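First, one chain by itself in structure tokens, the form deposited without 2'-deoxyguanosine-5'-monophosphate.
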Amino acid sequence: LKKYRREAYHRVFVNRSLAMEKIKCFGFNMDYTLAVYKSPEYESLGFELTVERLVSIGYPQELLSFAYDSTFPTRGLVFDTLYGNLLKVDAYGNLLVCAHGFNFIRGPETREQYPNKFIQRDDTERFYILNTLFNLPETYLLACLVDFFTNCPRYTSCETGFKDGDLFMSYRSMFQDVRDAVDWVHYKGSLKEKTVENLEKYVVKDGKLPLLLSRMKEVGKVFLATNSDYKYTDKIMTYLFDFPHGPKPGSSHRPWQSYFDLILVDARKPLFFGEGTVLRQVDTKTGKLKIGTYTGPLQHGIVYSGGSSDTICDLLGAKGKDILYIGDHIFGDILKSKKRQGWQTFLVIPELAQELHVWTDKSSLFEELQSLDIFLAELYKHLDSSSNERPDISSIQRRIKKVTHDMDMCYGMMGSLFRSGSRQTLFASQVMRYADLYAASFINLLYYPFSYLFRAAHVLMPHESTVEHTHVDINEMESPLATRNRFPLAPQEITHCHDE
């Protein structure tokens, strides 16, 4: 028969095998992990605050006529501050999609600015990668701004920016203003203020969240580690646990703090994963901070501030292997470069919820592309290098392009977060680097036992996915160009020091 699998929308997907039996400590980011912001309301709120900010610093009034359009941005686009393009690139820096403003640039014209349809993604001065869910409003705003200055006649388009009279406004300078304004929106607190004053509008709520976290604390420790301050965190978490019952209905409600062994605010991630700041214990009954740990009876509170990830693991008595860290952010090679053991990782990708719907509900699109590809192979079926034939594939290519575009638009104007045609995005490549497990939401762990063995799927290369495990009887001897015309004792047991 076939392998049993849970329903698609409940699945946890496995990049690297993970024995959940061994997880003794579950760690959480808050933003977009426990506190999932409603889409597109929250993106559109960030957009407005940023636009409003730029206008009050001198950007034109026409900006206030921009409306956030959730169908345009995809996450992980690269902004080329030299030519002002949003780029969807693959794992190796090859261009997949190129948008100047809202104008999508065809392949040939792309080669003027990118002669090899390639970017050096390491040129951090030039290219800015919009990876986060917070980057989404900004991704759209950059396109809005490029489009407006392009089409407004008060400004003359040039290769690397706009002339306003005798003044040059480079794309890199505009981007600096957008970047400054997004920070300001977040770090002066205007967005949190608006968020907190209407939580029903802006934050998702779900009773399964206290349920799942209560089960996690039955088998291990549970901790929160957030860059937000305690005041914001308390307001958010109280809302998330505000039900007329506790974990199971008919049970007594209990405060959100009772679900955690350790609560860490003001984390200053990503610095948190280095040496961080000095750890201070927070006295929530007072609000007073004190570096270190309380010596007195106040030591039984669990709210902390600053610190480092290494320190938090000490407080929990949790070795790195024991920890599954659940969040929405792809971190670099910071944690594993350490002499200390790192955390295993569950990556929240909320966009996966819509993408799985495209995958399941648009089958007729996938079927047709498979059809067209099977027909194409039939047209070349018995041809080899002696054949002069040039089969007519013109129309079938045109229907391939037309079906593929239709699929793309099922995701949005910028296509799927994970691929374009046959090529994985840079983002997809980073998901595979960073995440041991991933899902639309951490809540999918509800549907798995804590003894579950998560087994990784082989990611197949072209010669594995298009060759069957069947014996191929060849009548001609294999060319010795291919075969090359083909003592330590062999190891007696498995040599895999990874176990995946």
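Don't overthink the numbering: it's just position in the shown sequence, from 1.
The following text describes the form solved in complex with 2'-deoxyguanosine-5'-monophosphate, which does not appear among the structures shown.
- Residue in contact with 2'-deoxyguanosine-5'-monophosphate in the deposited complex (any heavy atom within 4.5 Å), chosen from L45, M30, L54, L445: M30.
- Site annotation in the deposited complex: the residue of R254, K217, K269, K194 reaching within 4.5 Å of 2'-deoxyguanosine-5'-monophosphate with a heavy atom is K269.
- Each of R179, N227 and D328 comes within 4.5 Å of 2'-deoxyguanosine-5'-monophosphate in the deposited complex, counting any heavy atom.
- Look at 227-235, 301-309, 164-172, 277-285: in the deposited complex, residues with non-hydrogen atoms within 4.5 angstroms of 2'-deoxyguanosine-5'-monophosphate sit in 227-235.
- 2'-deoxyguanosine-5'-monophosphate is not drawn, but in the deposited complex it has no heavy atom within 4.5 Å of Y114.
- Although the partner is absent here, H186 sits close enough that one of its heavy atoms falls within 4.5 Å of 2'-deoxyguanosine-5'-monophosphate in the deposited complex.
- A residue is said to contact a partner when one of its heavy atoms sits within 4.5 Å of a partner heavy atom; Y83 fails this definition for 2'-deoxyguanosine-5'-monophosphate in the deposited complex, lying far away.
- Although the partner is absent here, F134 lies within 4.5 Å of 2'-deoxyguanosine-5'-monophosphate in the deposited complex, judged by heavy atoms.
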